[PDB]
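Asker: The data below comprise the sequence and an experimental structure of the protein.
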Amino acid sequence: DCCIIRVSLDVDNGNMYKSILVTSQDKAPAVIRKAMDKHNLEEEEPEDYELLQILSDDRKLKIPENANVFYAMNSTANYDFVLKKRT
């Protein structure tokens, strides 16, 4: 099992930055961390920054900890995720 997802930043620019391959075993709060980790923000906590799915300029879904990636991700339109600072 695997899924291909895209990650983009609020902090610098979006559209496409890097892609992460996720399995069903690795959970969304860990991916929250992994994707920001992968953007080198290993030292910062999700307590400040958090991750959002972007489809196409309207329905944009914030991705929290209790949601499974495999379920919270859409596949249907665009699989982009943006990490945003909420502080």
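Answerer: Arrived safely, thanks for sending. Numbering: from 1, shown residues only.
Asker: going forward, measure contacts and count neighbours with C-alpha atoms only.
Answerer: OK.
Asker: Would you confirm that residue 86 contacts residue 52?
Answerer: No. Counting by CA atoms under 8 Å, residue 86 stays clear of residue 52, with 11.4 Å between them.
Asker: Settle it for me: which of these two has more neighbours?
Answerer: residue 52 (20 against 9; other CA atoms under 10 Å).
Asker: list the contacts for the more buried one?
Answerer: Neighbouring residues of residue 52 by CA atoms under 8 Å, 6 or more residues apart in numbering: 60-63, 81-84.
Asker: and if we set it to 10 Å?
Answerer: 7-9, 32, 60-64, 73, 80-84 (CA atoms under 10 Å, 6 or more residues apart in numbering).
Asker: What residues sit buried inside the host helix or strand of it?
Answerer: Secondary structure assigned from DSSP states H and E places residue 52 in strand 49-54. By neighbour count on 16 or more other CA atoms under 10 Å, the buried set for strand 49-54 is 49-54.
Asker: Work out the gap between it and the centre of the chain.
Answerer: 5 Å (CA atoms, centre = their mean, to the nearest Å).
Asker: repeat for stretch 73-81
Answerer: Worked out by CA atoms, centre = their mean, stretch 73-81 lies 10 Å from the chain centre.
Asker: ranges for the helices of this structure?
Answerer: 28-38, 69-72 (DSSP state H).
Asker: Tell me which of those sits most buried.
Answerer: helix 28-38 (a mean of 20; mean count of other CA atoms under 10 Å).
Asker: Dump that one to CSV, keeping only the CA atoms.
Answerer: The C-alpha trace of helix 28-38 is given here as CSV (Å, rounded to 0.1, in the frame of the first residue of the first chain):
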residue,chain,number,x,y,z
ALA,A,28,-1.6,12.0,9.8
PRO,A,29,0.0,13.7,13.0
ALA,A,30,3.2,11.9,12.1
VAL,A,31,2.9,13.0,8.4
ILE,A,32,2.2,16.5,9.8
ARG,A,33,5.6,16.2,11.4
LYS,A,34,7.2,14.2,8.4
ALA,A,35,6.3,16.7,5.8
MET,A,36,7.4,19.7,7.9
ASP,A,37,10.5,17.6,8.8
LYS,A,38,11.1,17.1,5.2
